[PDB]
């Protein structure tokens, strides 16, 4: 490593049911696992002097407690809250409480689904939102975080 | 390999011609011409021929979409204010059956409640907002992956 | 018993209707808007109706054509397409020139998304036809003739 | 001779339409429902359409006539009058027999009270005609012929 | 001397049950008792009162059609059809006879769906919650509206 | 054979003092004073002592209801515009627990949609609207029957 | 052991069950369902009566006639579920406990079908379980009346 | 006569552990353990192996549904309060593609308006409410008929 | 020190119908009058060098005019607007116009009653709101005012 | 005179009190508030127990465990005020009276914060009065239980 | 003067007596008395006799409107908070049938959503908001033009 | 005491306002928009205001004229007519050039259909005038002068 940049510490958070990625009818719904996505993203981040940490959980409390633990340690969050996007005021208040900028990512286009999925407790306080672009959305959020923090 | 050339059209709606003009020290210095020149160069390196129209005239955007029929493989559109108001743009994109991604420089969800409604988001392949000029580059990268299966 | 007075009728078509007959003709149909308007103009001519037509993707062209109709045109048939749901300016142009009109849609607007159930013209139209394809323009013409000649 | 296949068409009229032509004929109009249906039956006969008709104030009579149309009728023209806004039972009868239909209203429902802007039939109709008076039934007949003969 | 008024009273579904269930708790007066007393009150003022109660929407619609050019005024308690029947509204609009809407119970004190009437905006007026006497008040109102008294 | 005397209070809200004043040939000639004089005489024949207040002052109506506690048997109220706006009048009538009938001269359901809401109708014994001045007489007759069980 | 009298009421269009494209939409008729249900009821000393009608008034008048004769009602009001306050008021007026049954899942259909004028006053509601829903309602009624 | 064994999972949401505890003489005496013991015995007589989880922890219900994938034939679920709030449970049941019936002991339509909405009812095979504990037995009988075509 | 000892002037405002407290069916609804509550509260305030003034009125104008008269004289307001909570924009604009901090108090739990009572034209601009704790709510508002003004 | 057992429950994110920009947003931690409140309660023969959690299940299970042990609950559900029907049903299920407390004025924030699944079944609600709100709820509970 | 004299009534609602009092260096120094003195002088130059009432008492505004009947040609009203709440004021102005203009110092559309509703705007000849004290002068000029056909 | 700095003010008029003075002049009035703007330009000139004007039925011409006003125009008076209710693009043009504006309507928008009660400009306007006819432009001019010169 010969990095001239200040290191960024970035946390990726994944919400409920995303552990199932790649393991129902892979020929129909797609083959990539969450582990595959995060391994590729961690490698992409490391080339740009970004240290990437990750948690996926079906437990709302684990996501809230990981956000609390990020206070004064993490520079940026990428979050795919999955179903909790629509329901969790507690996650909104955790992110407001630690004051870390974040990007919201969804694999699927939330606006093309049921009307209840059009509402997010996070989108109005996110720096931005990516939906419908599949796993590449995490890479775009990483690229955006680097640009937003380094002013590039 | 050698890849098949992709023809991609970028459409920008009203007021985006003002980019880089107002309080440049506060709101930013990049013009739309700067963004599109850089995006055109990025596309050319990946065998994508990128065409562009920005207009304050809804009819110019509709007619450009009509002209894309059987010629263009993918659209990137930032409809700006027309996102919230133009059923005619929705029906133009449905009429020519070209896949598209919707891009906004600013986070539409962080602004007035009327900006939370889009006539395009439910038929878009995807939507990017709040990531500034880089959002066009992300949409380009997404389109290439969607068309080449990469 | 007497020869009829000529009716001057204007047909206005809104955005995207220029695409009729182009996309997947084997699936969605082969008739172009030019084919529809040629047939309609011939039907009108046999009943002493002089039929004029404009299709445009430019809202201003439709507004200006309505302004130009003042004291010249007896009746309007309008398919505003997407502008049905969005254009107060077209409503106000039609109110401003005081010409009776019928609203026509090729497709059934009530069978589509909920935003298409609202029209800024339907409450001030003499009536509305939807879902009957190109024949809807012929029905509007027949209605206009009956409304003006009391037949 | 007729070289066409005969079409069997049923016209259904809902409540209060029996009053047509009765109240202040000099003000509101003189044509009765019987006059409208006699003229429509003659028009249909010229195009090898056999037209049957029921008007009723009884929701059950309309439902049972729809049930009886199964595998006998090719097309329905219905003016449900007030039942347009209230009858899920009529919607489910028409869904149950799977015969295509056109909805007709004499008056422009969009120009009246807001409760009249909702129909339990318009989203499943082939199309809807409103505000064109008695001629709306003729237009629906012409549409049915075109839809069934692909003309 | 007065000119005779012809008045029709229409009663909607379920009002035939009045006086039947737990009479010691919910009340003992039948609809037949109410209409006999109202007919006698009408007769004293040279009003010929006719009546139909039905559970059949079509019987009410057809009775309204039959009233055209025969009946001067209608008193109607549409019961549940108040909230649901556009057909009854259109029957009364179609024959153009003035009417008063009557409810025995206070419709505003019950479920929210009962707050909406398809008749109240075109009625001459509305009485609710005053029990059987509401029909007598509607009769007195009709006589005043027609005789200017 | 004497009845027990009933004490009944009639309350009239704002603007009802204008009755009979504007275009009498078009809108009608009877004043509120005419209506209340006739109603007081009707009540007196049935051993009802009828008291009356009309006011444009919400506080005068509220204070008159407070003063009715343990003195008045029944209230007839036409709150006029306050029907739609005054929770304070609802809470005064709930506070003194005297039964009341709500009366309107005009049909409130035939006017603007905001007039369809009453802060009193759900707690009234009943409601009369659209029957003109006779509505107060009907409310009086109902009160007498409700109190005397006739 | 003490006989129960139970009335099953079926609303409009349910006479079409089993008629249209039987290979696609199913073969069982309403008559088949009611014959089987009547036999199931008879084994438990329940006398089961039935009316299906497209006529709202026939359903209302059958409920009126049930007063002081019928112990329990099973009702599938079909389209009238969403529209008939008169049926609600008939069932409130005769004070007989009832269960609401739908063959299809009303919550999986158009949003107007999510509203019932009966569900809040029913003892309970069954939907989406096909013809077996009437048998479950019968078993529930027997348990509710015999305290079993 | 031979049947293939069915594996059925019953899921119970929050607060249902309280059943039978408060004022048994007033609210009823049966515990959730009593209901599940009886239901497990009923299932065993029809060659159904019935497994059960009740939890106040949303994650335990989600993880149990994930674990059911390719192992369980049918789910009976009473999500209790989570019926009205949990999109995550809806998405778990969509993700594992096992047919399910929704059961409530009480009539949800007779209670507050917020209880009228379910995140599960539109994707359930069917819904039973208001029939008390017997609703689980009806859901079991329905599941057997739906899987064995009887 | 001295800042802890300076006299506070506090105004209590009570809206319509609160003059009825203690009058109707005292065995059922309770016996305490508004005069009883205000006498006890005035004595509680006097022990902490708080001069407590009171107006109850059924007249909206009297409450508005009392608020106007409070300008530059009164340090804090405790208000129970009763029915006016739900209806009076004029009271909101009087309190905004004189810029005196206030607490909103209700004896009964407004959230347990009709849905129209769930809206207040004052709650969003109040320092805070107390409901459902009966007459003690006025004492809590007094204690809060003293803490807010004396920084204790 | 008879000892009262009172439980204080605090919902998610309240562990952050006093941490972020203490010079701007305030310095008092939840531990400071609860230590002072426990001492206040002890002077009046109230045994005060406390749980703060980010875990909805821990709050629900603590309410279940309060049945027939606890006389009164003071709860600040924080974000769960607006979302948790499960907490409402736990408190209804154990039938212990409670007061709802918020440090901040919920009515001064976003419109979604104006709705509480607890306020209509609480004995009362305090908001916007900072840490003193817990002390007022304690004073109210003592008065309500001792008839003082 | 060659013109017919116009009699105009200016009505000001609650809290407008506070104009000029709080933080004059920040919010402005002009009192309502200053505004009305200047407006009265402007009116007198055009043969307009101006009467004025400001009140925090709804009844005083209602009674002043009643007293205007057949005496006043035009009303200018700033109802302040009563714009949003008073049906009684609407019904007073309908009852006396004098044309009026509604004036607000501040832009009501830029404030809370409850201020976007007026019980007077739909029956006013016109509305002025956000132009400060000059709005009363514009309403006076409009009234003169509307009555004199100039 | 000091001579005033010249103000540059732009007046923008939306669709259909070109019809002013044309339809039923005996009923709706005889004044044309050209008459109104000539009088307003003269009024402005006496107070050292240079007044420029555009009326258009073309939304793009209004947007482009707003863009051209950047760093040249001190204040805008706009009557967007039907575009008041529909054009987010005009809102974003005015926000993008940061010029203060007043919204004017000849008619009382609050006395018409309920859709006219919503404006995409009123919340960001310095103020709004409606229902005062052509004099509303003069009042907006007087307000702009006071707002810019602190008079």
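Letters A, B, C, D, E, F, G, H, I, J, K and L name the chains as they come in the text, with residue numbers starting at 1 for each one.
One rule holds in what follows: contacts are C-beta pairs under 8 Å (C-beta built on N, C-alpha and C of every residue); 3 or more make two chains touch, one makes a residue touch a chain.
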- line: Sorted by label, the chains bordering both chain D and chain I are none
Shortest path length from chain F to chain J (each step joins two touching chains): 2
Query: Does the chain F and chain K pair touch with the same residues on each side or with different residues, judged by whether over half of the numbers are shared?
result: different
Task: Would you mind pulling out the distance in Å between where the CA atoms of chain C average out and where those of chain L do?
output: 33
Message: From the mean C-alpha coordinate of chain B to that of chain J, what's the distance rounded to whole Å?
response: 50
- request: Mind checking the centre-to-centre distance between chain B and chain G? Centres are C-alpha means, answer in whole Å.
  value: 56
Statement: The distance between the C-alpha centres of chain G and chain K, rounded to whole Å, is 64
- request: Could you list which residues of chain E touch at least two other chains?
  value: 57, 84
Message: On the basis of the stated criterion, which chains touch which? Give every pair.
response: A-B, A-H, A-J, B-C, B-L, C-D, C-L, D-E, D-G, E-F, E-G, F-I, F-K, G-H, H-J, I-J, I-K, K-L
Of all residues in chain E, those that touch chain G in their complex: 12-14, 16-17, 20-21, 54-57, 79-81, 83-84, 113-114
Touching residues (chain side chain B, partner chain A) in the complex: 101, 107, 109-110, 116, 118, 121-132, 134-135, 137-138, 141-142, 145
Of all residues in chain B, those that touch chain C in their complex: 58-59, 62-63, 66, 69, 85-88, 90-92, 95-97, 119
